[PDB]
Amino acid sequence: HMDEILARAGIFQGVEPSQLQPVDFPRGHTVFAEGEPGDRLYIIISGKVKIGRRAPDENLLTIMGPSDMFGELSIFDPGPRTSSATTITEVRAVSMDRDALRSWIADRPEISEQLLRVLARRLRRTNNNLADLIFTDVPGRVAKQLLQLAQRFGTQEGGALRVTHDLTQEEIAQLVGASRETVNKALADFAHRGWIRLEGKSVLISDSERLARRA
Amino acid sequence: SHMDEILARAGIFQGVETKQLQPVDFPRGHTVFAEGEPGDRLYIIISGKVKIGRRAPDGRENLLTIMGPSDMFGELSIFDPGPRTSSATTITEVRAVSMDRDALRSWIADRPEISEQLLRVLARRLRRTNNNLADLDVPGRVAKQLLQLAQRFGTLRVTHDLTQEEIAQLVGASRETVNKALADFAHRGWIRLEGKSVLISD
Ligand SMILES: C[C@@H](Cc1ccccc1)Nc1ncnc2c1ncn2[C@@H]1O[C@H]2COP(=O)(O)O[C@@H]2[C@H]1O
Ligand SMILES: C[C@H](Cc1ccccc1)Nc1ncnc2c1ncn2[C@@H]1O[C@H]2COP(=O)(O)O[C@@H]2[C@H]1O
Ligand SMILES: [Cl-]
């Protein structure tokens with residue numbers, strides 16, 4: 001489990017199995033808050049972490065899962081955390097500070113490149129998500145967010161995909177950037193069309209082809 | 001050692017423990033590359049300006065930024081192999097240096113500290129974007145743009161070498177609203193639009 005998942009984290013890709021001790025967090029734990037000094041990045045081994053940024057008075061930007069890396073901004077560009085990280089399931093994680101990062105990094109520049117590729121990918125994606133917030137209708141952003149979650153945690157379930165996302169309705173709405181009421185009706189409508197099925201903290205996507213067209 | 005001056009204040013080089021490569025000339029009005037095509041080159045401007053544009057759904061162009069001397073563009077398709085996320089278009093004659101992935105790899109074997117600066121540069125670009133949720137007016141956004149243009153190329157004669165449509169594309173508002181704001185500002189005595197430049201009052 002751990003070895004299989006960790007190998008896919010960019011900071012470990014290609015690296016053979018080379019005591020930075022893995023930490024455990026309860027569900028609903030704030031790993032760190034927006035604005036705090038930060039000396040540490042984390043790699044998720046298991047569980048989900050939501051990344052949130054407070055509004056003038058909290059909109060979710062993304063859901064981090066197994067293999068993903070969060071909190072690297074303040075290590076790469078020293079500054080306060082640009083958002084909060086909050087576990088939504090129990091999380092088992094491995095973390096490292098600037099010192100260890102640099103140690104691990106001096107070893108290999110290709111790891112440096114993998115890390116760059118993560119930030120570029122986030123930057124590429126940043127444009128698109130931001131353009132959606134300017135240009136895309138609500139129901140369309142819902143379909144879109146569902147598929148974004150589908151590609152990250154989706155698995156094959158008898159010729160369809162099960163996307164177990166672990167989010168409340170409220171957290172889904174905070175991810176889309178719209179009201180819970182509006183987000184629900186869109187979800188509801190997708191359901192009556194039979195493109196998706198809502199089952200607790202998981203959606204069953206029967207027709208991703210359609211949901212894609214709608215996105 | 002003029003090229004040496006400009007390059008020295010590029011993000012990639014914050015650190016001085018020379019480094020000339022071999023540059024390229026681009027005419028004004030040149031598409032260095034277009035949104036969507038494959039990239040394998042990043043550029044560091046020595047002289048001239050470049051607009052970075054992305055396609056809006058209504059077929060208009062959102063200009064994301066105006067790069068000038070010392071700035072880098074095109075690095076995203078080196079680090080994350082894929083299509084250009086924007087187009088880059090010279091608005092003046094441009095001198096710049098280029099590297100493809102092989103070149104960048106070799107640089108980084110040469111000066112390993114270049115890896116840290118690149119990580120810092122992109123991380124900083126993420127951090128800034130986060131801080132700028134102001135998309136959530138038009139004369140108030142234009143003034144901001146004018147000021148942002150003032151810091152980068154001001155001397156406060158601001159030779160921005162931009163077009164009015166280009167200015168509105170920078171703003172993300174209609175040429176209408178924008179041309180309006182930029183008449184109300186002139187009238188009131190603040191700025192005075194003279195060509196592809198401008199002069200402020202406050
Ligand atoms: C951060 C946003 C712009 C913005 C402006 C105001 C508020 C939120 C976001 N996007 C970019 N900003 C500055 N330079 C960029 C942006 N997206 C791509 N670039 C550069 O031009 C790209 C074209 O080819 P590439 O290989 O994809 O990478 C290039 C980037 O250097
Ligand atoms: C522009 C984009 C935010 C966004 C804007 C519009 C729609 C959807 C998302 N930025 C981010 N994208 C992916 N991961 C991020 C983003 N901002 C912060 N993180 C991660 O959480 C941060 C917490 O502290 P840190 O600043 O040390 O670095 C962490 C990043 O890993
Ligand atoms: Cl990612």
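Each chain gets a letter, A, B and so on, in the order the sequences are listed, and its residues count up from 1.
Under the salt bridge (charged side-chain N to carboxylate O under 4.0 Å, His left out) criterion, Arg41(B) pairs with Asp100(B), not counting sequence neighbours. With sequence neighbours excluded, the residues satisfying side chain to side chain donor-acceptor pair (under 3.5 Å) with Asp68(A) are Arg152(A).
In this structure, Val121(B) and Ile12(B) have side chains that are not in contact, with every pair of non-hydrogen atoms separated by 4.5 Å or more. The side-chain heavy atoms of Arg101(B) and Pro81(B), taken from C-beta on, include no pair separated by under 4.5 Å. When side chains are defined from C-beta on, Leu115(A) counts as touching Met69(A), because their heavy atoms get closer than 4.5 Å. Considering only heavy atoms from C-beta on, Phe73(B) comes within 4.5 Å of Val32(B) through its side chain.
Within the 3.5 Å criterion, the main-chain N or O of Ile51(A) finds no donor-acceptor partner in the side chain of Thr62(A). At least one donor-acceptor pair closer than 3.5 Å links the side chain of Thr90(B) to the backbone N or O of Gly29(B). Distance alone, capped at 3.5 Å, is enough to place a donor-acceptor pair between the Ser70(B) side chain and the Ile6(B) backbone. Between the side chain of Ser46(A) and the main chain of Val91(A), no donor-acceptor pair closer than 3.5 Å is present. The main-chain N or O of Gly172(B) is found under 3.5 Å from a side-chain atom of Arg141(B) such that the two form a donor-acceptor pair.
The minimum heavy-atom distance linking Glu35(B) with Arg55(B) is given by the pair OE1-N, 2.6 Å. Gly48(B) approaches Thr92(B) most closely through the heavy-atom pair CA-OG1, 3.2 Å. For the residue pair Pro83(B) and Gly36(B), the shortest heavy atom distance occurs at CB-O, 3.3 Å. Across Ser86(B) and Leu64(B), no two heavy atoms sit closer than the pair OG-CD1, 3.6 Å. Taking every heavy atom of both residues into account, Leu60(A) and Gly52(A) meet most closely at CD2-CA, 3.9 Å.
Distance check, rounded to the nearest 0.5 Å: CG of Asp161(B) to CZ of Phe153(B) gives 8.5 Å. Within the model, atoms CD1 of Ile43(A) and CZ of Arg92(A) stand 14.5 Å from one another, a figure rounded to the nearest 0.5 Å. Of the inter-residue distances, the one linking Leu161(A) atom CG with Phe153(A) atom CZ reads 13.0 Å to the nearest 0.5 angstrom. Expressed to the nearest 0.5 Å, how far CD of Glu199(A) lies from CG of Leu204(A) amounts to 5.5 Å. In this structure, the separation between CG on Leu187(A) and CG on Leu146(A) is 6.0 Å, given to the nearest 0.5 Å. A distance of 10.0 Å separates CD1 in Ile66(B) from NE2 in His160(B), rounded to the nearest 0.5 Å.
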Take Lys144(A) and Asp137(A) through the salt bridge (charged side-chain N to carboxylate O under 4.0 Å, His left out) test and state the conclusion after the steps. CA-CA 11 Å; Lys144(A) 188 109 166 190; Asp137(A) 67 341; over 6 Å; no
Using the rule given for side chain to side chain contact (heavy atoms under 4.5 Å, CB included), can you reason through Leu170(B) versus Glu166(B), listing the C-alpha separation, both sets of side-chain angles and the distance that settles it, and then say yes or no? CA-CA 6 Å; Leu170(B) 203 52; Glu166(B) 283 162 337; over 6 Å; no
Please step through side chain to side chain contact (heavy atoms under 4.5 Å, CB included) for the pair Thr126(A) and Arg125(B), ending with a clear verdict. CA-CA 10 Å; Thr126(A) 280; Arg125(B) 290 193 173 162; over 6 Å; no
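In this pair, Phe185(B) and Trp190(B) present their aromatic rings perpendicular. The plane angle is above 60°, beyond the 30 to 60° band. Ring pair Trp104(A)/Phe12(A) is perpendicular by interplanar angle, where above 60° counts as perpendicular and below 30° as parallel.
For CD of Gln156(A), the number of neighbouring non-hydrogen atoms (other residues, nucleotides, ligands) closer than 6.0 Å is greater than 12.
With 3.5 Å as the limit, one finds a donor-acceptor pair spanning the side chains of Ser202(A) and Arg162(A). Judged purely by distance below 3.5 Å, without hydrogens or angles, the side chains of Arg120(B) and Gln117(B) pair a donor atom with an acceptor atom. In summary, the side chains of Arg127(B) and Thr82(A) do not present any donor paired with an acceptor at a separation below 3.5 Å, with no hydrogens or angles considered. Side chains of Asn131(B) and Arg53(A): a donor-acceptor N/O pair is present below 3.5 angstrom, by distance only.
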